[PDB]
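Participant: This is protein_38.pdb (PDB, C-alpha atoms).
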```pdb
MODEL        1
ATOM      1  CA  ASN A  10       0.000   0.000   0.000  1.00  0.00           C
ATOM      2  CA  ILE A  11       3.026   2.328   0.062  1.00  0.00           C
ATOM      3  CA  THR A  12       3.983   4.439  -2.985  1.00  0.00           C
ATOM      4  CA  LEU A  13       7.182   6.445  -3.617  1.00  0.00           C
ATOM      5  CA  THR A  14       7.268   9.843  -5.341  1.00  0.00           C
ATOM      6  CA  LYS A  15      10.001  10.429  -7.986  1.00  0.00           C
ATOM      7  CA  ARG A  16      12.098  12.508  -5.600  1.00  0.00           C
ATOM      8  CA  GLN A  17      11.810   9.786  -2.972  1.00  0.00           C
ATOM      9  CA  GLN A  18      12.899   7.088  -5.372  1.00  0.00           C
ATOM     10  CA  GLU A  19      15.820   9.328  -6.255  1.00  0.00           C
ATOM     11  CA  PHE A  20      16.608   9.876  -2.555  1.00  0.00           C
ATOM     12  CA  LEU A  21      16.922   6.174  -1.726  1.00  0.00           C
ATOM     13  CA  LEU A  22      18.824   5.541  -4.891  1.00  0.00           C
ATOM     14  CA  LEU A  23      21.231   8.262  -4.061  1.00  0.00           C
ATOM     15  CA  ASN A  24      21.565   7.043  -0.486  1.00  0.00           C
ATOM     16  CA  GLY A  25      22.175   3.501  -1.698  1.00  0.00           C
ATOM     17  CA  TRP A  26      24.735   4.741  -4.190  1.00  0.00           C
ATOM     18  CA  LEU A  27      26.465   6.877  -1.631  1.00  0.00           C
ATOM     19  CA  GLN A  28      26.727   4.066   0.891  1.00  0.00           C
ATOM     20  CA  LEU A  29      28.122   1.792  -1.816  1.00  0.00           C
ATOM     21  CA  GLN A  30      30.839   4.382  -2.581  1.00  0.00           C
ATOM     22  CA  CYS A  31      31.725   4.381   1.114  1.00  0.00           C
ATOM     23  CA  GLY A  32      32.458   0.672   0.985  1.00  0.00           C
ATOM     24  CA  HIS A  33      29.288   0.119   3.059  1.00  0.00           C
ATOM     25  CA  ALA A  34      27.644  -2.584   0.892  1.00  0.00           C
ATOM     26  CA  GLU A  35      25.141  -3.923   3.531  1.00  0.00           C
ATOM     27  CA  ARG A  36      23.700  -0.443   4.063  1.00  0.00           C
ATOM     28  CA  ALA A  37      23.628  -0.030   0.301  1.00  0.00           C
ATOM     29  CA  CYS A  38      21.743  -3.316  -0.060  1.00  0.00           C
ATOM     30  CA  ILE A  39      19.192  -2.466   2.629  1.00  0.00           C
ATOM     31  CA  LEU A  40      18.323   0.851   1.012  1.00  0.00           C
ATOM     32  CA  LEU A  41      18.206  -0.585  -2.496  1.00  0.00           C
ATOM     33  CA  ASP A  42      16.129  -3.588  -1.358  1.00  0.00           C
ATOM     34  CA  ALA A  43      13.550  -1.218   0.016  1.00  0.00           C
ATOM     35  CA  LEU A  44      13.478   0.733  -3.244  1.00  0.00           C
ATOM     36  CA  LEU A  45      13.240  -2.444  -5.311  1.00  0.00           C
ATOM     37  CA  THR A  46      10.588  -3.859  -3.046  1.00  0.00           C
ATOM     38  CA  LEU A  47       8.379  -0.896  -3.893  1.00  0.00           C
ATOM     39  CA  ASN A  48       9.580  -0.063  -7.454  1.00  0.00           C
ATOM     40  CA  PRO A  49      10.923  -3.333  -8.850  1.00  0.00           C
ATOM     41  CA  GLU A  50      11.486  -1.805 -12.274  1.00  0.00           C
ATOM     42  CA  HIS A  51      13.882   0.978 -11.124  1.00  0.00           C
ATOM     43  CA  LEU A  52      16.744   0.016 -13.442  1.00  0.00           C
ATOM     44  CA  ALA A  53      19.410   2.314 -12.024  1.00  0.00           C
ATOM     45  CA  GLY A  54      18.402   0.900  -8.689  1.00  0.00           C
ATOM     46  CA  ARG A  55      18.590  -2.665 -10.021  1.00  0.00           C
ATOM     47  CA  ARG A  56      22.160  -1.994 -11.205  1.00  0.00           C
ATOM     48  CA  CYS A  57      23.303  -0.251  -8.064  1.00  0.00           C
ATOM     49  CA  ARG A  58      21.797  -2.982  -5.888  1.00  0.00           C
ATOM     50  CA  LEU A  59      23.289  -5.654  -8.124  1.00  0.00           C
ATOM     51  CA  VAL A  60      26.816  -4.315  -7.546  1.00  0.00           C
ATOM     52  CA  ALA A  61      26.094  -3.860  -3.826  1.00  0.00           C
ATOM     53  CA  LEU A  62      25.039  -7.503  -3.570  1.00  0.00           C
ATOM     54  CA  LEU A  63      28.230  -8.478  -5.384  1.00  0.00           C
ATOM     55  CA  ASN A  64      30.237  -6.641  -2.757  1.00  0.00           C
ATOM     56  CA  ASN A  65      28.243  -7.896   0.205  1.00  0.00           C
ATOM     57  CA  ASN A  66      28.836 -11.469  -1.174  1.00  0.00           C
ATOM     58  CA  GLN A  67      25.316 -12.469  -2.159  1.00  0.00           C
ATOM     59  CA  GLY A  68      26.203 -14.366  -5.285  1.00  0.00           C
ATOM     60  CA  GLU A  69      22.969 -16.286  -5.858  1.00  0.00           C
ATOM     61  CA  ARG A  70      20.915 -13.095  -5.451  1.00  0.00           C
ATOM     62  CA  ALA A  71      23.476 -11.236  -7.574  1.00  0.00           C
ATOM     63  CA  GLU A  72      23.101 -13.862 -10.258  1.00  0.00           C
ATOM     64  CA  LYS A  73      19.360 -13.670 -10.411  1.00  0.00           C
ATOM     65  CA  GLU A  74      19.601  -9.899 -10.578  1.00  0.00           C
ATOM     66  CA  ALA A  75      22.191 -10.001 -13.383  1.00  0.00           C
ATOM     67  CA  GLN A  76      20.154 -12.376 -15.531  1.00  0.00           C
ATOM     68  CA  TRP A  77      17.178 -10.196 -14.766  1.00  0.00           C
ATOM     69  CA  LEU A  78      18.954  -7.158 -16.069  1.00  0.00           C
ATOM     70  CA  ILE A  79      20.324  -8.994 -19.093  1.00  0.00           C
ATOM     71  CA  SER A  80      16.829 -10.129 -20.034  1.00  0.00           C
ATOM     72  CA  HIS A  81      15.465  -6.625 -19.356  1.00  0.00           C
ATOM     73  CA  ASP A  82      18.429  -4.331 -20.102  1.00  0.00           C
ATOM     74  CA  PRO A  83      20.050  -5.582 -23.244  1.00  0.00           C
ATOM     75  CA  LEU A  84      23.406  -5.232 -24.994  1.00  0.00           C
ATOM     76  CA  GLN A  85      24.783  -3.934 -21.673  1.00  0.00           C
ATOM     77  CA  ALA A  86      28.345  -5.069 -20.997  1.00  0.00           C
ATOM     78  CA  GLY A  87      28.152  -4.352 -17.279  1.00  0.00           C
ATOM     79  CA  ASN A  88      25.432  -6.945 -16.873  1.00  0.00           C
ATOM     80  CA  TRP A  89      27.861  -9.529 -18.040  1.00  0.00           C
ATOM     81  CA  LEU A  90      30.616  -8.368 -15.709  1.00  0.00           C
ATOM     82  CA  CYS A  91      28.121  -8.621 -12.832  1.00  0.00           C
ATOM     83  CA  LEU A  92      27.074 -12.087 -13.929  1.00  0.00           C
ATOM     84  CA  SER A  93      30.733 -13.094 -14.086  1.00  0.00           C
ATOM     85  CA  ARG A  94      31.455 -11.881 -10.599  1.00  0.00           C
ATOM     86  CA  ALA A  95      28.269 -13.450  -9.170  1.00  0.00           C
ATOM     87  CA  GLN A  96      29.075 -16.710 -10.950  1.00  0.00           C
ATOM     88  CA  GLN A  97      32.574 -16.703  -9.521  1.00  0.00           C
ATOM     89  CA  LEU A  98      31.103 -16.067  -6.057  1.00  0.00           C
ATOM     90  CA  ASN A  99      28.918 -19.139  -6.490  1.00  0.00           C
ATOM     91  CA  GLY A 100      31.921 -21.319  -7.433  1.00  0.00           C
ATOM     92  CA  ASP A 101      30.815 -21.692 -11.096  1.00  0.00           C
ATOM     93  CA  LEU A 102      34.135 -20.418 -12.406  1.00  0.00           C
ATOM     94  CA  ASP A 103      33.460 -21.535 -15.980  1.00  0.00           C
ATOM     95  CA  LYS A 104      30.060 -19.792 -15.995  1.00  0.00           C
ATOM     96  CA  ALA A 105      31.991 -16.747 -14.919  1.00  0.00           C
ATOM     97  CA  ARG A 106      34.410 -17.118 -17.833  1.00  0.00           C
ATOM     98  CA  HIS A 107      31.587 -17.226 -20.336  1.00  0.00           C
ATOM     99  CA  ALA A 108      30.028 -14.224 -18.619  1.00  0.00           C
ATOM    100  CA  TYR A 109      33.345 -12.352 -18.576  1.00  0.00           C
ATOM    101  CA  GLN A 110      33.936 -13.048 -22.228  1.00  0.00           C
ATOM    102  CA  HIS A 111      30.477 -11.631 -23.016  1.00  0.00           C
ATOM    103  CA  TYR A 112      31.496  -8.593 -20.967  1.00  0.00           C
ATOM    104  CA  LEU A 113      34.624  -8.088 -23.034  1.00  0.00           C
ATOM    105  CA  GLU A 114      32.709  -8.254 -26.317  1.00  0.00           C
ATOM    106  CA  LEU A 115      30.309  -5.477 -25.478  1.00  0.00           C
ATOM    107  CA  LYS A 116      32.836  -3.269 -23.757  1.00  0.00           C
ATOM    108  CA  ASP A 117      33.983  -3.623 -27.373  1.00  0.00           C
ATOM    109  CA  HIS A 118      30.954  -1.541 -28.474  1.00  0.00           C
ATOM    110  CA  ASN A 119      33.537   1.193 -29.219  1.00  0.00           C
TER     111      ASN A 119
ATOM    112  CA  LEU B  47      39.191 -13.745 -12.501  1.00  0.00           C
ATOM    113  CA  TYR B  48      40.727 -10.832 -10.607  1.00  0.00           C
ATOM    114  CA  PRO B  49      39.686  -7.192 -10.892  1.00  0.00           C
ATOM    115  CA  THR B  50      41.350  -4.706 -13.258  1.00  0.00           C
ATOM    116  CA  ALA B  51      41.291  -0.959 -12.942  1.00  0.00           C
ATOM    117  CA  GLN B  52      39.264  -1.197 -16.132  1.00  0.00           C
ATOM    118  CA  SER B  53      37.006  -3.752 -14.350  1.00  0.00           C
ATOM    119  CA  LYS B  54      36.322  -1.543 -11.438  1.00  0.00           C
ATOM    120  CA  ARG B  55      35.776   1.523 -13.651  1.00  0.00           C
ATOM    121  CA  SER B  56      33.220  -0.437 -15.560  1.00  0.00           C
ATOM    122  CA  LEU B  57      31.720  -1.493 -12.210  1.00  0.00           C
ATOM    123  CA  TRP B  58      31.551   2.071 -10.900  1.00  0.00           C
ATOM    124  CA  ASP B  59      30.119   3.413 -14.144  1.00  0.00           C
ATOM    125  CA  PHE B  60      27.630   0.604 -14.080  1.00  0.00           C
ATOM    126  CA  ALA B  61      26.509   1.181 -10.526  1.00  0.00           C
ATOM    127  CA  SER B  62      26.700   4.943 -10.678  1.00  0.00           C
ATOM    128  CA  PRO B  63      23.247   6.492 -11.120  1.00  0.00           C
ATOM    129  CA  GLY B  64      24.805   9.688 -12.481  1.00  0.00           C
ATOM    130  CA  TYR B  65      22.935  12.919 -11.813  1.00  0.00           C
ATOM    131  CA  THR B  66      19.994  12.010  -9.578  1.00  0.00           C
ATOM    132  CA  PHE B  67      17.848  13.839  -7.026  1.00  0.00           C
ATOM    133  CA  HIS B  68      16.586  16.511  -9.380  1.00  0.00           C
ATOM    134  CA  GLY B  69      16.120  19.629  -7.351  1.00  0.00           C
ATOM    135  CA  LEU B  70      17.138  23.271  -6.887  1.00  0.00           C
ATOM    136  CA  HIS B  71      18.120  23.242  -3.157  1.00  0.00           C
ATOM    137  CA  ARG B  72      19.949  20.017  -2.338  1.00  0.00           C
ATOM    138  CA  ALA B  73      20.273  20.731   1.386  1.00  0.00           C
ATOM    139  CA  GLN B  74      16.721  21.548   2.394  1.00  0.00           C
ATOM    140  CA  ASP B  75      15.329  19.009  -0.099  1.00  0.00           C
ATOM    141  CA  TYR B  76      17.552  16.292   1.274  1.00  0.00           C
ATOM    142  CA  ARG B  77      16.683  16.839   4.934  1.00  0.00           C
ATOM    143  CA  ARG B  78      13.018  17.044   3.994  1.00  0.00           C
ATOM    144  CA  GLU B  79      12.956  13.801   2.024  1.00  0.00           C
ATOM    145  CA  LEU B  80      15.046  12.074   4.635  1.00  0.00           C
ATOM    146  CA  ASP B  81      12.664  13.020   7.433  1.00  0.00           C
ATOM    147  CA  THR B  82       9.565  12.290   5.359  1.00  0.00           C
ATOM    148  CA  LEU B  83      10.856   8.993   4.154  1.00  0.00           C
ATOM    149  CA  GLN B  84      12.112   7.822   7.544  1.00  0.00           C
ATOM    150  CA  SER B  85       8.741   8.417   9.174  1.00  0.00           C
ATOM    151  CA  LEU B  86       6.934   6.883   6.158  1.00  0.00           C
ATOM    152  CA  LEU B  87       8.816   3.563   5.988  1.00  0.00           C
ATOM    153  CA  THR B  88       8.424   2.576   9.660  1.00  0.00           C
ATOM    154  CA  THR B  89       4.708   2.073   8.998  1.00  0.00           C
ATOM    155  CA  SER B  90       5.559  -0.801   6.621  1.00  0.00           C
ATOM    156  CA  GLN B  91       5.019  -4.406   7.759  1.00  0.00           C
ATOM    157  CA  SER B  92       7.681  -5.569   5.279  1.00  0.00           C
ATOM    158  CA  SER B  93      10.978  -6.583   6.849  1.00  0.00           C
ATOM    159  CA  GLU B  94      12.833  -5.130   3.874  1.00  0.00           C
ATOM    160  CA  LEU B  95      11.209  -1.699   4.263  1.00  0.00           C
ATOM    161  CA  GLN B  96      11.607  -1.719   8.042  1.00  0.00           C
ATOM    162  CA  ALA B  97      15.372  -2.081   7.747  1.00  0.00           C
ATOM    163  CA  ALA B  98      15.665   0.935   5.480  1.00  0.00           C
ATOM    164  CA  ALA B  99      13.599   3.006   7.884  1.00  0.00           C
ATOM    165  CA  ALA B 100      15.972   2.145  10.683  1.00  0.00           C
ATOM    166  CA  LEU B 101      19.089   3.194   8.721  1.00  0.00           C
ATOM    167  CA  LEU B 102      17.449   6.463   7.766  1.00  0.00           C
ATOM    168  CA  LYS B 103      16.678   7.196  11.394  1.00  0.00           C
ATOM    169  CA  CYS B 104      20.338   6.656  11.978  1.00  0.00           C
ATOM    170  CA  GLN B 105      21.613   9.166   9.567  1.00  0.00           C
ATOM    171  CA  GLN B 106      18.918  11.487  10.917  1.00  0.00           C
ATOM    172  CA  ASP B 107      20.491  11.265  14.333  1.00  0.00           C
ATOM    173  CA  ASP B 108      24.052  11.265  13.210  1.00  0.00           C
ATOM    174  CA  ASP B 109      23.157  14.524  11.460  1.00  0.00           C
ATOM    175  CA  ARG B 110      21.799  15.867  14.723  1.00  0.00           C
ATOM    176  CA  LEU B 111      25.129  15.014  16.313  1.00  0.00           C
ATOM    177  CA  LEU B 112      27.194  16.548  13.550  1.00  0.00           C
ATOM    178  CA  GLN B 113      25.118  19.662  13.783  1.00  0.00           C
ATOM    179  CA  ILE B 114      26.259  19.825  17.405  1.00  0.00           C
ATOM    180  CA  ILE B 115      29.868  19.410  16.357  1.00  0.00           C
ATOM    181  CA  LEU B 116      29.604  21.995  13.630  1.00  0.00           C
ATOM    182  CA  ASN B 117      28.322  24.552  16.134  1.00  0.00           C
ATOM    183  CA  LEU B 118      31.368  23.912  18.295  1.00  0.00           C
ATOM    184  CA  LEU B 119      33.730  24.602  15.453  1.00  0.00           C
ATOM    185  CA  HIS B 120      32.148  28.003  14.701  1.00  0.00           C
ATOM    186  CA  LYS B 121      33.236  29.662  17.941  1.00  0.00           C
ATOM    187  CA  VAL B 122      37.068  29.664  17.585  1.00  0.00           C
TER     188      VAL B 122
ENDMDL
END
```
Output the structure of this file as C-alpha cells.

Facilitator:
Amino acid sequence: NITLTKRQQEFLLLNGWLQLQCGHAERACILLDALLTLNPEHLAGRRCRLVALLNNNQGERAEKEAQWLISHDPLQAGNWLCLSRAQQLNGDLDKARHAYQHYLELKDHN
Amino acid sequence: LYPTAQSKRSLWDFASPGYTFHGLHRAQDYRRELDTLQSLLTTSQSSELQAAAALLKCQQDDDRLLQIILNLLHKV
C-alpha cells in the first residue's frame, strides 16, 4: 500500500549509491532492497543494488539480478561483468568465464 | 578472474546512477525527504522496508550530532 514519489525514489537511490561508494555494501543493499521492493522496475536501482550484492557477497541473489537485467536491459556489458562476478562467487568459475567473455565483447561496443 | 582498474571503472560506471535527485536546493530538499521517508517507511510491515527506515533514522540522528559538532567549530 506504500507508494514512492520520484524525488523519494531518487533519494533512496542516491543514499544507496552513496553508501556503496563508502564501501558500506550492507547499508547499500538495505536501502536498495527497500526501493526495489516498492519499485521493482527501477533500473538504475537494479544496477546499483546488483553491484552492492556483489560486494556484500550475495552471489545467488546477484546472479538472479544479473540475468534479470540482461533479459530486461540488453546489450549492456556491465550486466555480463556482474554475472561473471556473481558466478565466480557461487563457485561456477566456468560460468563466470563465459560471462566475462560476453562482458569483453560489449565493452567492445567502441 | 581478478579485478582490473578497467574492471572496477566499468563497475563504478555501471553502478553509478549519475545525476539524480533533481532539485534546486539540495540541502533543504535532502533533509526534507530524509525526514519524510524515515517516518513513512516505519509504517511498513515488510521486513525489507523496516530495515531501510531504521538506517534512515540513523543518519537522521548522526546529522543531529554533527550539527552539534559543527556549532562547536564556529566559535574559535

Participant: If the cut-off is 7 Å, can you tell me the residues of chain B near chain A, counting all atoms listed in the file? I'd like them as a ChimeraX atom specification.

Facilitator: /B:56-57,60-63,66-67,79,94-95,97-98

Participant: By how many Å are CA of residue 100 (chain B) and CA of residue 88 (chain B) apart?

Facilitator: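 Spanning CA of residue 100 (chain B) to CA of residue 88 (chain B) is a straight-line distance of 7.6 Å.
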
Participant: Starting from the displayed file, determine the output of the PyMOL selection byres ((chain B and resi 81) around 12) and express the residue list as a PyMOL selection string.

Facilitator: (chain A and resi 17+20) or (chain B and resi 74-80+82-88+99-107+109)

Participant: Once you have the residues from the selection above, write them out as a PDB file, in the frame of the given file, restricted to C-alpha atoms.

Facilitator:
```pdb
ATOM      1  CA  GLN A  17      11.810   9.786  -2.972  1.00  0.00           C
ATOM      2  CA  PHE A  20      16.608   9.876  -2.555  1.00  0.00           C
TER       3      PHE A  20
ATOM      4  CA  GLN B  74      16.721  21.548   2.394  1.00  0.00           C
ATOM      5  CA  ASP B  75      15.329  19.009  -0.099  1.00  0.00           C
ATOM      6  CA  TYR B  76      17.552  16.292   1.274  1.00  0.00           C
ATOM      7  CA  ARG B  77      16.683  16.839   4.934  1.00  0.00           C
ATOM      8  CA  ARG B  78      13.018  17.044   3.994  1.00  0.00           C
ATOM      9  CA  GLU B  79      12.956  13.801   2.024  1.00  0.00           C
ATOM     10  CA  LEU B  80      15.046  12.074   4.635  1.00  0.00           C
ATOM     11  CA  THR B  82       9.565  12.290   5.359  1.00  0.00           C
ATOM     12  CA  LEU B  83      10.856   8.993   4.154  1.00  0.00           C
ATOM     13  CA  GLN B  84      12.112   7.822   7.544  1.00  0.00           C
ATOM     14  CA  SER B  85       8.741   8.417   9.174  1.00  0.00           C
ATOM     15  CA  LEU B  86       6.934   6.883   6.158  1.00  0.00           C
ATOM     16  CA  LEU B  87       8.816   3.563   5.988  1.00  0.00           C
ATOM     17  CA  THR B  88       8.424   2.576   9.660  1.00  0.00           C
ATOM     18  CA  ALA B  99      13.599   3.006   7.884  1.00  0.00           C
ATOM     19  CA  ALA B 100      15.972   2.145  10.683  1.00  0.00           C
ATOM     20  CA  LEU B 101      19.089   3.194   8.721  1.00  0.00           C
ATOM     21  CA  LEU B 102      17.449   6.463   7.766  1.00  0.00           C
ATOM     22  CA  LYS B 103      16.678   7.196  11.394  1.00  0.00           C
ATOM     23  CA  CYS B 104      20.338   6.656  11.978  1.00  0.00           C
ATOM     24  CA  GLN B 105      21.613   9.166   9.567  1.00  0.00           C
ATOM     25  CA  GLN B 106      18.918  11.487  10.917  1.00  0.00           C
ATOM     26  CA  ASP B 107      20.491  11.265  14.333  1.00  0.00           C
ATOM     27  CA  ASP B 109      23.157  14.524  11.460  1.00  0.00           C
TER      28      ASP B 109
END
```

Participant: Edge lengths and centre, in Å to one decimal, as AutoDock Vina command-line options: that's what I need for the box along x, y and z that holds all listed atoms of region 98-114 of chain A plus 4 Å on each side.

Facilitator:
```
--center_x 31.8 --center_y -14.9 --center_z -16.2 --size_x 13.7 --size_y 21.6 --size_z 28.3
```
